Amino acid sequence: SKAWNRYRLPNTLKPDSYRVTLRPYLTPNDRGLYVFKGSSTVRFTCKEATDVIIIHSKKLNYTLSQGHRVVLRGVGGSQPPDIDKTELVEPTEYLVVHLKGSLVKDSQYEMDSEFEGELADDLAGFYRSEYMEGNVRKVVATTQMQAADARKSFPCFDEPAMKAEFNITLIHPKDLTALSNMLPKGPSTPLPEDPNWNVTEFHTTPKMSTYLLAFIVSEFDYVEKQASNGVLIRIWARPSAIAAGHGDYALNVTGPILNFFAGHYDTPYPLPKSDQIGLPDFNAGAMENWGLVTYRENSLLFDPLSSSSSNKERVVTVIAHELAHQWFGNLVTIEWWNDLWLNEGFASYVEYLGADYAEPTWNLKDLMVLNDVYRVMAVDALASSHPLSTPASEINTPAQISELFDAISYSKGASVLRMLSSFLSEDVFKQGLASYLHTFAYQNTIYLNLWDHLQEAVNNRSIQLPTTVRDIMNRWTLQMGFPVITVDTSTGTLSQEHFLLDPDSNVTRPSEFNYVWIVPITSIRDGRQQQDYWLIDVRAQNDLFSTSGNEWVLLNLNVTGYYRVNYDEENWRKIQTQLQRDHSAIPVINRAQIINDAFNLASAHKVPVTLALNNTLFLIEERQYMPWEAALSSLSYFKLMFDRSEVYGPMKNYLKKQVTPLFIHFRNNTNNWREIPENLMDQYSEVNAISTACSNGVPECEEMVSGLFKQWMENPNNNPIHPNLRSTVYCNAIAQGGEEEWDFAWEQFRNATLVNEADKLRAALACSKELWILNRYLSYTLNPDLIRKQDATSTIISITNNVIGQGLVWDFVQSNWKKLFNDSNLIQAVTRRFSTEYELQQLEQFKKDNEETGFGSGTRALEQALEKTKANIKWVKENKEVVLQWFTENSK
């Protein structure tokens, strides 16, 4: 009941501005520690009389000044009380300054601090990243503040609605460049006590959130170009990468995307520059720090001679995502983390608009169906999912915050925005967004603020909707999950219900909306688009959905809406007949839909599993990427359920049959692998045909990959494998080979100069079929001299995806949990095969054994794993015989 034991800051104090001086030491001290020393003054306003200053502080040591950890001074004549004592409260991460009296309402004060922290290799706060240039160790001081680590670099009111201006000074070796959000204010000057160091002050930032600050000291090089909106773009990276031209693609796209967004939203980018910088050690994909956007090397750099088309797509989309955040996150910021989707849903959707602008021939916007809609529907069909906007009172700790950086906030966020754009029209949507951005510039928002501005646009344009934007969109935002819409084409009746993969699962989170949605329904009849419809009730009838004779209908054209569709068996049969007659008559995205929806419906007991399997029969003559990818994504579940069972042979036999003609088509079309297709989707289709053919035993594919890899081994400096094919050739050559192939690939990995090439090798090494080799590799993932800490969990996950790595990794996780934790994606990956009572009991015991240690940001993933495991046991029992028989009877 003491304020310093509660996780949210009091509302009594609100900062105005800060100055911060930080000095990283890039050589270890006598104790072998890398440290930084700093000072700060924060000016703040008392909003309500209080005798305590509660401010965030994490892993900082204070130098005493005038008898206490801090000094408190008046501003504009205020006369603050004396300090009694200070304390550091570790759980809530506060410095608590107990005062001898109360501060005065609507008065200002300043607090000065002098402090020191570790420049750790922990990827959080002010931290160190390392690389080698030949035999010379290069050490970089860099930052990652989001969500709650700005407090690990200096004391601050570290919540996103506590916006302030920041005056940053970096003291650094004179040979190294200091970078921050803003440009330097005047020249750098020698430090008086030691002229081997420079003092670099930066101009004051705009009013902004603490989680967006960045401080970097390095000897990076850069390329640069003024963008057409007058903003300076620089791409910074290790000197060898810049000299090799690997920053050139980022330079080609960054300024043009930034200018595109500024124009599209009628809202200028207000800062003089936007630096993009690639770090050797970085936790997430990238981070949108305002003026100094940071990236993993693999998300920013690109080598036209060794990076794949998929890598190129990653670069432009991640850049577009980070640039989208300059508007959705930086200029306008979430009030609190519970509404994270206002940042992340927007950036995840808007990234495709930016990438499409930069690369108009690629057709990327379409991939959102796979990358966003279907990615998130897997978890959002669980009773243990969570709403897009969780109630703010439930999100308090750093672990609970971290947990929200998930498929819901990103991918469901993007999907619901895609749907909204569709029913408003994009022109009306962007009009409402321009108004939103203008109104809340330099401020913070909740979900209701967005609806108000979209409503203003709807009202201006006289768009008629069945109710207000707020009431439609609250259904998609405040309750978890999504509906299945079931059509009876005999009568034209539609109904909706909350779609649950397990009908038996226990939804315990109440919804004031009763898990009923207001649903925009598009549709086609025999390939022709019909009038749009709004389903407002649990059930309705309309002749739009009635058919007679040979006619079929499909709902959700191009899957713009966040919902699944079921039909009566007769309409499904007509759809299957269409797929056999001329599959091109159904839009490509809807061919993906038919497959993906039917597999999920089968899990939920809404269609027979043989109906979903029958929907894959036409794939033998499908050449498009997307329907194959949707099928392989759904069948991934079958592999997880069955790859340790009698069902697996027939399953592989079936996939071998379905993919062989496609594999042969590509063998011929590429002139025996000499060329790659012109169209991006065809390039992806080719990779999937190869991967699928090889995984399922097509002998020509096994011969091809082993032959190519052997040719590379014989000529290591002349890699004969096209970059697009490397991941799959490397993985399958390692799977088909033995110790000699593995060791070759490991040495290539250790000696890698490109992160893209290292990443492909690192995944490939997990493809060994030999248990002893997987165990040895597991031991390397934990050694930061061998595999970078940023990549440890990724590599462990690659091992667990291998059927032979399953028991290995699960036993390792159970055995080492305390050590791993104390010193989410992992839980999800290691548990997804579970389909037995034995495994369930292990998982329940794992929860019990580690309840005290806690599961931190993996807490919800554990609940979800328990729910899925229970569903899987029942699903396997119900389906194993029918599935075995189906694959056996259809694979010949």
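From 1 onward, residues are counted along the sequence shown.
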Sequence continuity check, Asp823 and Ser824 (deposited residues unmodelled): 4 to 9
Quick note on 451 to 459 and 715 to 723: per-entry mean CA temperature factor is higher in 715 to 723
Given the B-factors recorded for C-alpha atoms, which segment has the greater mean, 31 to 39 or 859 to 867? 31 to 39
Taking the values straight from the PDB record, which of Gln658, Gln814, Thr753, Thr397 has the highest C-alpha temperature factor? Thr753
Out of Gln576, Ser409, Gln144, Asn783, highest CA B-factor residue: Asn783
Where does the C-alpha B-factor of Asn371 rank in its chain, lowest, middle or highest third? highest
Could you place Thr836 in the lowest, middle or highest third of its chain by Cα temperature factor, using the values in the record? lowest
Ranking the modelled residues of this chain by C-alpha B-factor as given in the entry, is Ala434 in the lowest, middle or highest third? middle
Chain thirds of CA B-factor: placement of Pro239: middle
Report the third (lowest, middle or highest) to which the CA temperature factor of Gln842 belongs, ranking only the modelled residues of the same chain. lowest
